[PDB]
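Pasted below: model-v5.cif, mmCIF, C-alpha atoms; chains and numbers go by the auth columns.
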```
data_data
#
loop_
_atom_site.group_PDB
_atom_site.id
_atom_site.type_symbol
_atom_site.label_atom_id
_atom_site.label_comp_id
_atom_site.label_asym_id
_atom_site.label_seq_id
_atom_site.Cartn_x
_atom_site.Cartn_y
_atom_site.Cartn_z
_atom_site.B_iso_or_equiv
_atom_site.auth_seq_id
_atom_site.auth_asym_id
ATOM 1 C CA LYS A 1 7.007 19.485 -13.773 0.00 1 A
ATOM 2 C CA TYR A 2 5.697 20.840 -10.434 0.00 2 A
ATOM 3 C CA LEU A 3 2.886 21.966 -8.076 0.00 3 A
ATOM 4 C CA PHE A 4 1.025 20.274 -5.233 0.00 4 A
ATOM 5 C CA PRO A 5 -1.691 18.395 -3.168 0.00 5 A
ATOM 6 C CA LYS A 6 -5.089 18.860 -1.558 0.00 6 A
ATOM 7 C CA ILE A 7 -5.710 19.318 2.190 0.00 7 A
ATOM 8 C CA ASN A 8 -7.681 17.090 4.627 0.00 8 A
ATOM 9 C CA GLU A 9 -7.904 13.313 4.101 0.00 9 A
ATOM 10 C CA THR A 10 -11.212 12.947 6.009 0.00 10 A
ATOM 11 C CA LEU A 11 -10.792 9.196 5.937 0.00 11 A
ATOM 12 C CA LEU A 12 -13.516 8.646 8.477 0.00 12 A
ATOM 13 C CA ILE A 13 -13.186 4.898 8.252 0.00 13 A
ATOM 14 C CA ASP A 14 -15.962 3.440 10.394 0.00 14 A
ATOM 15 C CA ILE A 15 -17.323 -0.073 10.897 0.00 15 A
ATOM 16 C CA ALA A 16 -20.977 -0.801 11.535 0.00 16 A
ATOM 17 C CA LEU A 17 -20.604 -3.261 14.495 0.00 17 A
ATOM 18 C CA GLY A 18 -23.682 -5.496 14.404 0.00 18 A
ATOM 19 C CA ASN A 19 -25.494 -6.873 17.343 0.00 19 A
ATOM 20 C CA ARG A 20 -25.206 -10.647 17.615 0.00 20 A
ATOM 21 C CA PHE A 21 -28.454 -11.349 19.522 0.00 21 A
ATOM 22 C CA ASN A 22 -31.310 -9.204 18.213 0.00 22 A
ATOM 23 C CA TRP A 23 -33.517 -12.122 17.182 0.00 23 A
ATOM 24 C CA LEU A 24 -33.986 -12.352 20.931 0.00 24 A
ATOM 25 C CA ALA A 25 -35.499 -8.859 20.884 0.00 25 A
ATOM 26 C CA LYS A 26 -39.079 -8.950 22.069 0.00 26 A
ATOM 27 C CA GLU A 27 -41.451 -6.030 21.585 0.00 27 A
ATOM 28 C CA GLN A 28 -41.976 -4.496 25.028 0.00 28 A
ATOM 29 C CA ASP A 29 -44.673 -1.884 25.490 0.00 29 A
ATOM 30 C CA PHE A 30 -43.657 0.067 28.655 0.00 30 A
ATOM 31 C CA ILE A 31 -46.571 -0.196 31.030 0.00 31 A
ATOM 32 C CA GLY A 32 -46.358 -1.766 34.456 0.00 32 A
ATOM 33 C CA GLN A 33 -43.197 -2.272 36.397 0.00 33 A
ATOM 34 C CA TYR A 34 -43.398 -5.928 37.423 0.00 34 A
ATOM 35 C CA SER A 35 -43.626 -9.099 35.368 0.00 35 A
ATOM 36 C CA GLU A 36 -43.630 -12.646 36.653 0.00 36 A
ATOM 37 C CA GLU A 37 -44.160 -16.217 35.546 0.00 37 A
ATOM 38 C CA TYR A 38 -44.789 -19.601 37.064 0.00 38 A
ATOM 39 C CA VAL A 39 -45.175 -23.303 36.669 0.00 39 A
ATOM 40 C CA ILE A 40 -46.893 -25.778 38.819 0.00 40 A
ATOM 41 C CA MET A 41 -44.492 -28.490 39.849 0.00 41 A
ATOM 42 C CA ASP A 42 -44.839 -32.243 39.578 0.00 42 A
ATOM 43 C CA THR A 43 -46.836 -34.540 41.782 0.00 43 A
ATOM 44 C CA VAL A 44 -46.695 -38.301 41.984 0.00 44 A
ATOM 45 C CA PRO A 45 -49.514 -40.830 41.780 0.00 45 A
ATOM 46 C CA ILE A 46 -49.903 -42.674 45.036 0.00 46 A
ATOM 47 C CA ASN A 47 -50.779 -46.091 46.360 0.00 47 A
ATOM 48 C CA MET A 48 -54.351 -47.303 46.865 0.00 48 A
ATOM 49 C CA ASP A 49 -54.406 -48.203 50.555 0.00 49 A
ATOM 50 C CA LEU A 50 -58.152 -48.787 50.820 0.00 50 A
ATOM 51 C CA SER A 51 -57.895 -49.386 54.573 0.00 51 A
ATOM 52 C CA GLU B 1 -11.538 -5.016 -18.991 0.00 1 B
ATOM 53 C CA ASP B 2 -13.091 -4.549 -15.570 0.00 2 B
ATOM 54 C CA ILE B 3 -9.705 -4.686 -13.892 0.00 3 B
ATOM 55 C CA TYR B 4 -10.404 -1.504 -11.900 0.00 4 B
ATOM 56 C CA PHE B 5 -11.998 -1.234 -8.467 0.00 5 B
ATOM 57 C CA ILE B 6 -15.789 -1.427 -8.586 0.00 6 B
ATOM 58 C CA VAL B 7 -17.962 0.333 -6.002 0.00 7 B
ATOM 59 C CA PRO B 8 -21.512 -1.047 -6.676 0.00 8 B
ATOM 60 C CA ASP B 9 -22.505 -4.441 -5.399 0.00 9 B
ATOM 61 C CA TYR B 10 -24.206 -6.776 -7.906 0.00 10 B
ATOM 62 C CA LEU B 11 -24.865 -4.374 -10.779 0.00 11 B
ATOM 63 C CA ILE B 12 -21.437 -5.097 -12.327 0.00 12 B
ATOM 64 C CA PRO B 13 -21.499 -5.710 -16.096 0.00 13 B
ATOM 65 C CA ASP B 14 -19.787 -9.141 -15.819 0.00 14 B
ATOM 66 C CA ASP B 15 -19.161 -8.820 -19.542 0.00 15 B
ATOM 67 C CA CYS B 16 -17.195 -6.896 -22.149 0.00 16 B
ATOM 68 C CA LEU B 17 -16.403 -3.431 -20.851 0.00 17 B
ATOM 69 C CA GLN B 18 -14.329 -0.885 -22.750 0.00 18 B
ATOM 70 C CA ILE B 19 -13.329 2.754 -22.777 0.00 19 B
ATOM 71 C CA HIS B 20 -15.477 4.542 -25.339 0.00 20 B
ATOM 72 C CA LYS B 21 -13.039 7.299 -26.371 0.00 21 B
ATOM 73 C CA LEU B 22 -10.965 6.519 -29.462 0.00 22 B
ATOM 74 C CA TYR B 23 -11.861 2.916 -30.391 0.00 23 B
ATOM 75 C CA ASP B 24 -14.604 4.593 -32.378 0.00 24 B
ATOM 76 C CA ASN B 25 -16.723 7.682 -31.900 0.00 25 B
ATOM 77 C CA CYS B 26 -19.894 6.096 -30.590 0.00 26 B
ATOM 78 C CA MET B 27 -19.641 2.340 -30.753 0.00 27 B
ATOM 79 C CA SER B 28 -17.756 0.540 -27.983 0.00 28 B
ATOM 80 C CA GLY B 29 -19.249 -0.667 -24.729 0.00 29 B
ATOM 81 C CA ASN B 30 -19.263 2.081 -22.193 0.00 30 B
ATOM 82 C CA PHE B 31 -16.932 2.692 -19.322 0.00 31 B
ATOM 83 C CA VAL B 32 -15.519 6.205 -19.761 0.00 32 B
ATOM 84 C CA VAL B 33 -13.184 7.842 -17.264 0.00 33 B
ATOM 85 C CA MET B 34 -13.651 11.496 -16.367 0.00 34 B
ATOM 86 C CA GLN B 35 -10.694 13.556 -15.227 0.00 35 B
ATOM 87 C CA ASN B 36 -11.132 16.520 -12.923 0.00 36 B
ATOM 88 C CA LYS B 37 -8.763 18.556 -14.997 0.00 37 B
ATOM 89 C CA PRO B 38 -7.352 17.431 -18.340 0.00 38 B
ATOM 90 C CA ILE B 39 -3.698 17.995 -17.536 0.00 39 B
ATOM 91 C CA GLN B 40 -2.939 18.018 -13.835 0.00 40 B
ATOM 92 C CA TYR B 41 -0.172 20.179 -12.423 0.00 41 B
ATOM 93 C CA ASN B 42 -1.166 21.502 -9.002 0.00 42 B
ATOM 94 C CA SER B 43 -4.102 20.647 -6.800 0.00 43 B
ATOM 95 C CA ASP B 44 -6.400 23.582 -6.164 0.00 44 B
ATOM 96 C CA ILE B 45 -6.679 22.706 -2.472 0.00 45 B
ATOM 97 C CA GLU B 46 -3.261 24.377 -2.294 0.00 46 B
ATOM 98 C CA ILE B 47 -4.376 27.540 -4.063 0.00 47 B
ATOM 99 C CA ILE B 48 -7.282 27.724 -1.666 0.00 48 B
ATOM 100 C CA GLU B 49 -4.726 27.554 1.129 0.00 49 B
ATOM 101 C CA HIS B 50 -2.644 30.109 -0.761 0.00 50 B
ATOM 102 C CA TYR B 51 -5.139 32.927 -0.657 0.00 51 B
ATOM 103 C CA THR B 52 -7.045 32.189 2.503 0.00 52 B
ATOM 104 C CA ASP B 53 -4.193 33.173 4.809 0.00 53 B
ATOM 105 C CA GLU B 54 -3.703 36.435 2.896 0.00 54 B
ATOM 106 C CA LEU B 55 -7.455 36.874 3.105 0.00 55 B
#
```

Encoded form (structure tokens):
Amino acid sequence: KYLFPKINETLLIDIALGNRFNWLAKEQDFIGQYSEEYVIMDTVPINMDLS
Amino acid sequence: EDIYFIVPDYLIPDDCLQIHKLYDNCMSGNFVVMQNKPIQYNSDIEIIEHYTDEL
């Protein structure tokens, strides 16, 4: 009984490495360079000094 | 039985498998193995290394 093997294993193991946040991905549209946002802050009701 | 490694995902038979060779001609449940070469002595990746240097 004799003879031999075949060359190159080519295992190429790779893992796909998912991305852990992409439900936070919003659909940006690439126009304009500046975005901003605001609130108005609180104010308090005051006394009724009718004088 | 389905003792062997199974590459598809959910399409597994989950039931009576068999080798369909000699149990009968054409009757048993199908899982037939296919050899590359009936009797194996030397791999032909060595013969392709054997001539390609001479070539």

Do a neighbour search on residue B:32 at 8 Å with only C-alpha atoms, toss out local chain neighbours closer than 2 positions, and write the hits as a VMD selection string.
-> chain B and resid 18 to 21 30 34

Do you have, as a Markdown table, the list of residues of chain A lying at most 12 Å from chain B, each with its nearest atom pair and that distance in Å to one decimal, counting all atoms listed in the file and ordered by chain then number?
```
| residue | atom | partner | partner_atom | distance |
| --- | --- | --- | --- | --- |
| A:1 | CA | B:41 | CA | 7.3 |
| A:2 | CA | B:41 | CA | 6.2 |
| A:3 | CA | B:42 | CA | 4.2 |
| A:4 | CA | B:42 | CA | 4.5 |
| A:5 | CA | B:43 | CA | 4.9 |
| A:6 | CA | B:45 | CA | 4.3 |
| A:7 | CA | B:45 | CA | 5.8 |
| A:8 | CA | B:45 | CA | 9.1 |
| A:9 | CA | B:45 | CA | 11.5 |
```

Atom CA of residue B:3 to atom CA of residue A:10: how many Å, to one decimal?
->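 The value is 26.6 Å.
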
From the list B:31, B:50, B:39, B:22, the nearest residue to residue B:2 using all atoms listed in the file is B:31

One decimal place gives the atom CA of residue B:7-atom CA of residue B:38 separation as 23.6 Å

Work out how far atom CA of residue A:18 is from atom CA of residue B:8, in Å to one decimal.
-> 21.7 Å
